[PDB]
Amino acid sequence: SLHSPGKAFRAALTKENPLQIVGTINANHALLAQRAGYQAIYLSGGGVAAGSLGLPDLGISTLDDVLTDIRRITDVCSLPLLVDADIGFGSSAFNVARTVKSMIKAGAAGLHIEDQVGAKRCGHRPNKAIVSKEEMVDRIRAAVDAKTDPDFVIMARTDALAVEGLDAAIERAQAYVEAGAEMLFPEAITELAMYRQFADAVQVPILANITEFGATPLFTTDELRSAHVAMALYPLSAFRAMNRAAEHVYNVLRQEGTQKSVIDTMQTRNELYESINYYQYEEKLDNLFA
């Protein structure tokens, strides 16, 4: 049978608990993550915006921007890839479906769609408002109905904690899973106990977003495991470090007129070749001919 990246994502879930899922900004970093041992990786929507487009995460990126990053990554790295699909790239059910199908075809193992509103008017400032529960149930149903690969994962993310409180966020989660959501991503959780409540309310795996500088403390895998969390997500960790490292290089080069003093911060040429399996290419040729 043909390989199903979703199938592999769900398998990796069965094998690791919690499953650590790391953000990979580009194909090169996906290889680095694969080498470090991860079993699943991630395409952050904020990273596509900030890193690939140099834009804030305000809904400016398009499906196309994300699709090309998904292909670049999955063309060279076989690890299953979870994709941040925002609110579906379009208001209509027709848009949600095209996004789902395009993403599966581009190579992704799954995606998460959230309940945010986006922008309602040309001058609508960036906001965290969320649609009604019903509206989100409709997005979820449209997305699930669109799965062309039964094993592709449709995860539902809720940002209801900040604007409606815990009990309402949990309640929405139960309705989302009821509508078809296969996994749950409760955003900005503040206490380990809350995760357990979500774990207990919905009988599907839950993801905990362990991002760098927000509302959620830096919970360990052991702590998350105790809270019955099925996945730990680090959406931009590598990216943040990469930026500081590049910045420092740019600054020193500009200040000193040579990079001599930051050489020791650099991945060597040999290391880079190892990372992209440079020599496995010479092998491919030897195996095929000459």
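In case it trips you up, residue 1 is the first one in the sequence shown, and so on.
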- line: Looking only at C-alpha temperature factors in the entry, 86 to 94 or 190 to 198, the higher average sits in 190 to 198
- request: Would you tell me which stretch averages the higher CA B-factor in the PDB entry, 280 to 288 or 2 to 10?
  value: 280 to 288
query: With respect to the C-alpha temperature factors reported in the PDB entry, which of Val262, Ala40, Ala227, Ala49 ranks highest?
result: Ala227
query: Per the PDB entry, which option out of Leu207, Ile210, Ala215, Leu79 has the greatest Cα B factor?
result: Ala215
- prompt: Among the modelled residues of its chain, does the C-alpha B-factor of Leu184 lie in the lowest, middle or highest third?
  reply: middle
message: Please say which third, lowest, middle or highest, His124 falls into when its CA temperature factor is compared across its chain.
response: highest
message: Split into thirds by Cα B-factor across the chain's modelled residues, where does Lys147 land: lowest, middle or highest?
response: highest
Third of the chain, ranked by Cα B-factor, where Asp222 sits: highest
- request: Report the third (lowest, middle or highest) to which the CA temperature factor of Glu164 belongs, ranking only the modelled residues of the same chain.
  value: middle
